[PDB]
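Asks: Supplied in structure tokens, the structure appears directly below.
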Amino acid sequence: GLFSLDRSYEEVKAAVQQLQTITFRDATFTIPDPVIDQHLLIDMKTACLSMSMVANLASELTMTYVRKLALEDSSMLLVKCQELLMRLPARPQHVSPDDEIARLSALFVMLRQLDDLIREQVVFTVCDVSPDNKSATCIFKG
Amino acid sequence: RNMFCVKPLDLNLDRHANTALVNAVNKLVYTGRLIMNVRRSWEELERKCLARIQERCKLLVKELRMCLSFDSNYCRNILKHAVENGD
């Protein structure tokens with residue numbers, strides 16, 4: 001939904017084929033016709049507003065944590081997450097944890113508000129499966 | 001030495017190498033010690049000059065006490081006034 005704004009149609013036709021396969025757990029699935037409608041539009045509006053508000057909500061330290069970390073640390077996780085960012089001891093500006101509790105609390109609210117777009121409902125918790133996986137005794141029914 | 005040409009920090013006292021609270025309290029103690037210095041120098045000079053005019057007027061009225069005329073008694077009566085205030 002989000003990529004298909006203000007861009008060419010050949011980018012869209014090259015982007016659907018990059019994002020229709022799912023190789024989850026030894027199987028390949030394809031989604032039948034992902035089409036932009038008003039529901040996906042209002043979901044995009046909620047998502048972009050929440051992430052704009054959490055970008056405003058970021059404190060002076062949590063945006064420079066990876067920026068201070070990546071000088072002395074070396075890990076495949078940090079390297080793999082660094083390259084999706086741009087290129088461009090020291091002191092923290094002002095430690096005020098009384099403000100940081102409120103910032104982190106409202107940031108948790110914004111992260112949950114981004115989170116509930118893809119975490120729709122748990123409807124069954126599987127306890128034990130059949131060995132041929134034709135069935136499973138599970139809880140949380142309803 | 002001179003309390004009229006106030007020169008408030010010709011060079012900077014700021015430093016990134018410490019807490020902002022420390023830099024703020026160092027700027028405050030600079031300003032406060034300057035204000036205390038200028039006021040103590042002022043009032044010490046005023047106390048010294050008041051003591052000097054008190055000594056001079058007392059010595060003049062005691063020196064004028066010997067001769068008696070219209071002139072001497074008139075100037076004595078002018079110097080009979082108190083000097084402890086500025087006005």
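When we count neighbours, we look across all protein chains shown, and the Cβ atoms used for this are built from the backbone with ideal geometry, even at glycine. Every number in this text was worked out from the coordinates using simple rules, so none of it is lab data.
Asks: Kindly identify segment A:22-142 as rounded, prolate or oblate by the Cα gyration tensor criterion: order the square roots of the eigenvalues as a ≥ b ≥ c, call it rounded if a/c is under 1.5, otherwise compare a/b with b/c, prolate if a/b is larger, else oblate.
Replies: Prolate is the answer for segment A:22-142, as a/c is 1.5 or above and a/b outweighs b/c.
Asks: Using modelled backbone amide H atoms (1.01 Å from N, in-plane), which distant-in-sequence or interchain residues come within less than 5 Å of A:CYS138's amide H?
Replies: Placed amide hydrogens put A:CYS127 under 5 Å from A:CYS138.
Asks: Residue by residue through segment A:4-12, which ³J(HN,Hα) values in whole Hz follow from phi under the Karplus form 6.51 cos²θ - 1.76 cosθ + 1.60 (θ = phi - 60°), with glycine and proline marked x?
Replies: So the J values, rounded to whole Hz, are 7, 8, 6, 10, 6, 6, 5, 5, 5.
Asks: Let me know the charge dipole size of segment A:54-137 about its Cα centre in debye, to the nearest 20, where only the beta-carbon of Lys, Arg (+1) and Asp, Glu (-1) is charged.
Replies: 280 debye
Asks: What list of whole percents do you get for P(r) of segment B:1-76, with Cα-Cα distances grouped in 10 Å bins up to the one holding the largest distance?
Replies: 15, 25, 17, 14, 12, 9, 6, 2
Asks: Then there is this: Tell me the Rg and the Dmax, in Å, that the Cα atoms of the protein assembly as shown produce.
Replies: Taking only Cα atoms of the protein assembly as shown, I get Rg and Dmax of 41.3, 138 Å.
Asks: How many nm is it between the label spots at A:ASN56 and A:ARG25, if each spot is 7 Å from the Cα in line with the beta carbon?
Replies: Modelled inter-label distance: 4.1 nm.
Asks: Can I ask one more? May I ask for the longest run of chain B untouched by trypsin sites (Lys or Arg not before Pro) that are loop-located per DSSP and have at most 13 neighbouring C-beta atoms (other than their own) within 10 Å?
Replies: The reported range is B:16-64.
Asks: Within the protein assembly as shown, how many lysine pairs that are 8 or more places apart, or on different chains, have C-alpha atoms less than 28 Å apart?
Replies: For the protein assembly as shown, qualifying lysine pairs total 10.
Asks: Using 0.36 nm per residue of separation minus the Cα-Cα distance, give me the extension gain between A:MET63 and A:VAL35 in nm, one decimal.
Replies: Numbers: separation 28, 0.36 × 28 = 10.08 nm, distance 3.47 nm.
Stretched fully, the A:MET63-A:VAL35 segment lengthens by 6.6 nm.
Asks: As I understand it, the dipole of chain A uses +1 on the Cβ of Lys and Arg and -1 on the Cβ of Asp and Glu, about the Cα centre. Which of A:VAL12, A:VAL129, A:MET110 lies farthest toward its positive end?
Replies: It is A:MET110.
Asks: Follow-up question, since we're still on this one. Evaluate segment A:1-83: find the radius of gyration of its Cα atoms, find its Kirkwood radius, and give the ratio Rg to Rh.
Replies: Result: Rg/Rh = 1.08.
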